[PDB]
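# Working through the structure, step by step
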Amino acid sequence: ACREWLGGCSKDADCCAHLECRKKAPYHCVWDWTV
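What this report covers is the structure whose coordinates are included nearby.

## Re the state of the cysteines
Put plainly, two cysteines are in a disulfide when a covalent bond ties their sulfur atoms together. Overall, the coordinates contain three disulfides when judged by the stated rule. Between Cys2 and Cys16 runs a disulfide, and the two sulfur atoms are separated by 2.0 Å. Between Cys2 and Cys16, the S-S torsion sits near 95°, and that sign places the bridge as right-handed. Here the residue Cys2 occupies a position in the segment before β1 (19-21), and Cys16 occupies one in the segment before β1, the gap between them amounting to 14 residues. With its sulfur 2.0 Å from that of its partner, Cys15 forms a disulfide with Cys29. With a gap of 14 residues between them, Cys15 in the segment before β1 and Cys29 in strand β2 (residues 29-31) connect regions that are remote in the sequence. Note on accessibility: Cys15 and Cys29 belong to one class, buried. Here the protein pairs its bonded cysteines, counted in sequence order, in the arrangement 1-4, 2-5, 3-6.

Scoring rules and cut-offs
- Residues numbered from 1 in each chain as written, not as in the entry; some residues may be left out.
- Heavy atoms only, no water.
- Disulfide = S-S within 2.5 Å.
- Helix = DSSP H or I, 4+ residues; strand = E, 2+ residues; numbered from the N terminus.
- Buried < 20%, exposed > 50% of the residue type's maximum accessible area, 1.4 Å probe, protein only.

Geometric descriptors of this kind do not, in isolation, establish any biological role.
So, in structure tokens, the structure goes:
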């Protein structure tokens, strides 16, 4: 599940890479340097 930015997510291992799962719903990948 290598979800890209705003592709959604379920893991906190930054889903795909250089990301993070938005700990506030809707849960989706955001850049570790953004949001």
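Still more ground to cover, so stick around.
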